[PDB]
């Protein structure tokens, strides 16, 4: 337990220089080899795959230890190759990359001979030759290779230039024939300017090309081992045991393709160090290391902020811009961020407290840039941008220079910019009060503020007694007030003149209007007369009518609608399928593109997903026949929920396309962008579950005949694992 502490904490804060701590730790680990050789090897293999941000610090350690005990270095190198094979077998491709990078950097420490790595990479690149295997398998082996080059590229080209050029030729020809079907579904922005959002392999390749052109010289990576040039030499090299990439199997799961998030360039920071270009390996290494730093500390926001800000480099870089860009790269990553969304919001706040005199200006500059680039930003990313920004604002007294965004005022309200502003003000209001938010904006922006969340009573002091069920509602009003019982209400509802659509309307209208004081009253009301609901909404048509009436009452209070829908699902008043159908109904037609709608849908899908996991976890433990059937029935409702949603999407999209062709108008309207990207979002947020429905989807819904505008979204989804 003592060694683990010395190894894990090496390189942190101290009075002694790193070189001094490394040399010291080296002697400490050697002396303990006779009794803890097996432990030390385990810890070194662990830090190799868990702390990639400290790559060069540990590869230096291994080198100093190898210089004191050649045999130990041999067993370690052998143990590493073992770990790598294991990681690949357990589909831990992400961790495998770190091991490959560690072995690569060990070449610089002269612990591993260059030809061994050149050989390993030839094998990696040959995977691109395997037949009938996923492009994502071939992609990864190429990435493990190319992404290792910033560290060992120079050492390998000077030792095996001819062999290296062969590998590159083969690498290039593979990259030239890769399919890019997935790109449109993963880009944060589709616009080419000001920054192309490049497919990760094309970008990395360009970065390697530039590095090669620059004679394999790079100025960022910290190489501690250079300080021991007299102690680390070729005489201590080891040859690696042959390495065969584990063949493709049915249980093989490979990482999805990625698109490089890009928003800054050196002209955005004229007064700071020159920012490494988009096609330099320095930019790749910086972001890669910052991403790893967050991955290691995301749970501790304070420690995470401190580690990011103290990121060291060989030369000066505009670190604040790199940190902000990396945080937005994670938050806006598609399909999903690596960590829970809210963590990024609090991380930026912690960073602002740590660098009060510089970080806030950068974040402000970045916010302005994100707004200005809204026109082609993907809808899923826009929601996260809306949620982040509104939350951030509530932590700084809702202060913002809205006038800078005055260009949204004269555009079509459905357009990205004005819609963004309205959704943001809506979220702010949810964390504040109506008049308060109405007051944070300039007069010219008052029309974009949300309406007062007031209840709407159809049978109140305004309606005409000439309304169907008027007299009935009147009795229901007093009945509830006198704390009547379900039976009483059941009796009163019989006076309703016609599944009776009016019984539901008078009941829902009256009951909700009376508990319209708070979420609590409404919830308790749903509980008290829960029997009435389950009876009126017994049929699917009834569950849809309850939702329809609930909306007509609370349309000005989206948050109320969301919590009521969630309660009705949990207490089984309505089911997920009814909610899905309600989302695409004509009543909600004018609110279809609004955020709350999609928030309710996804929150509804999540409850179904968690319900499936719950039962699965139970049948798991009890392994009885009464569950194996319950699981397949729940998985049946789950699959059906997704089929209905896809069905409704195909239906409204086809209608839109036929309408446009009929009228000769363009298909690319603001409504369309929103609708097609919301479909895309279904596939993005639940791709793991949806992959189980492939066969069905291909035969019943997303068929070869389907209009290409729609089928493409399905083909892009397919490409994530093709």
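Residue numbers count along the first chain shown, from 1.
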Unmodelled deposited residues between residue 498 and residue 499: none, 1 to 3, 4 to 9, or 10 or more?
10 or more
If the chain runs straight from residue 623 to residue 624, say none; otherwise bin the unmodelled deposited residues as 1 to 3, 4 to 9, or 10 or more.
10 or more
Check the entry's C-alpha temperature factors for 300-308 and 243-251, then say which stretch has the higher mean.
243-251
Given the B-factors recorded for C-alpha atoms, which segment has the greater mean, 253-261 or 520-528?
520-528
Highest Cα B-factor in the PDB entry belongs to which of 381, 634, 550, 351?
634
Maximum C-alpha temperature factor, selected from 482, 556, 361, 345
482
Of the three thirds of its chain by CA temperature factor, lowest, middle or highest, which one includes residue 612?
highest
Binned into thirds over the chain's modelled residues, the C-alpha B-factor of residue 35 lands in the highest
Please say which third, lowest, middle or highest, residue 70 falls into when its CA temperature factor is compared across its chain.
highest
By the entry's values, the third containing the CA B factor of residue 295 is the lowest
Taking the C-alpha B-factors as the PDB entry records them, is residue 673 in the lowest, middle or highest third of its chain?
lowest
